[PDB]
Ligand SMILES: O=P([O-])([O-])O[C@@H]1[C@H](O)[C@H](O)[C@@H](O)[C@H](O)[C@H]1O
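A lone chain, given as structure tokens: the form solved without ligand IPD.
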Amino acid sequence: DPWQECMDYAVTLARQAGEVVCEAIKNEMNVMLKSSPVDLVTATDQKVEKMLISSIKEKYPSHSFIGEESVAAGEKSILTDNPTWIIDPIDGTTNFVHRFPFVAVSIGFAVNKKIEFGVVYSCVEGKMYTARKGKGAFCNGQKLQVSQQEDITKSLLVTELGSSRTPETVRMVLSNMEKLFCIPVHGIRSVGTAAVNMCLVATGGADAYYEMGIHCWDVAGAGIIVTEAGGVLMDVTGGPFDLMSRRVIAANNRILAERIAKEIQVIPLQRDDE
């Protein structure tokens, strides 16, 4: 289809971006600050994003873009019906600065505000995760399938603590963690990137992911990888998944997703579309 040519190009670009990231991770880096001393950015995040947007814009000039570093530079993160490339040039910048081995390039592609395809390249691992609506999810050609776990007490969750250090926000994040932890669940894991956490759910290695504070670019690529692997996306309220809401539950099934939603208390957050 015409979107298959877009998807094939997106895989090529994700690989080229991953090579740049892989090369940069070995060298010294000037770590820069965004919103706080814990919200990081490097020249690599910015360079990768400029290369991806200029590459896609040259090939598809009528297409729209939503990129993390472009939004930090003053661009509007508004989602229209027009074909839109939703990019996180480096998802896991903190991991990248530390050489913690989970660093992803994420590309989500939306038509009529609905994701048609996703590409998440975990470059340190050399794992290319891809999915196209109705075509299934893959990691390096291996077809992915979510786990069958329907018992919350035998489940393994993934989450991240977030970029906020506000004492009130931190208490809510840890209280939500305590509640799920004491259901009990088998455990909670954190690899340091929303996109990779979600791909782990798509593989069946974890049963569900949840987070508040993420943005459309963190989840646009991985969301469709989870659903094409047989999983589900939901808001933390239990309502329909909304890409611009800052909230997500990405699980193997509705039973676990709904059970997680019941424990979570919502953190007030500025939507991506406001």
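Just count from 1 along the sequence shown to find any residue number.
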| query | finding |
| --- | --- |
| Average Cα temperature factor in the PDB entry - higher stretch of 57-65, 226-234 | 57-65 |
| Entry-level comparison of average CA B-factors, 126-134 and 150-158, reporting the higher stretch | 150-158 |
| Residue, from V41, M29, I214, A220, that the PDB entry assigns the highest Cα B-factor | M29 |
| Residue with maximal Cα B-factor (values as given in the PDB entry) among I86, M172, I188, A104 | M172 |
| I255, C-alpha B-factor rank within chain (lowest, middle or highest third) | highest |
| Record-listed C-alpha B factor of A206: chain third | lowest |
| Entry-reported Cα temperature factor of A10, expressed as the chain third it lands in | lowest |
| Chain-wide C-alpha B factor ranking for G92, given as lowest, middle or highest third | lowest |
| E19, C-alpha B-factor rank within chain (lowest, middle or highest third) | lowest |
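What follows is about the form deposited with ligand IPD bound, which we do not show.
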query	finding
Candidate stretches 170-178, 155-163, 75-83, 109-117, one within 4.5 Å of ligand IPD in the deposited complex by heavy atom	155-163
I90, heavy atom within 4.5 angstroms of ligand IPD in the deposited complex	yes
Contact test in the deposited complex: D207 vs ligand IPD, heavy atoms, 4.5 Å	no
Contact label in the deposited complex: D235 to ligand IPD, heavy atom within 4.5 Å	no
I66: touches ligand IPD in the deposited complex, heavy atom cutoff 4.5 angstroms	no
Contact residue in the deposited complex, chosen from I249, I214, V48, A229 - any heavy atom within 4.5 Å of ligand IPD	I214
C123, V146, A194, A137 - the one with a heavy atom within 4.5 Å of ligand IPD in the deposited complex	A194
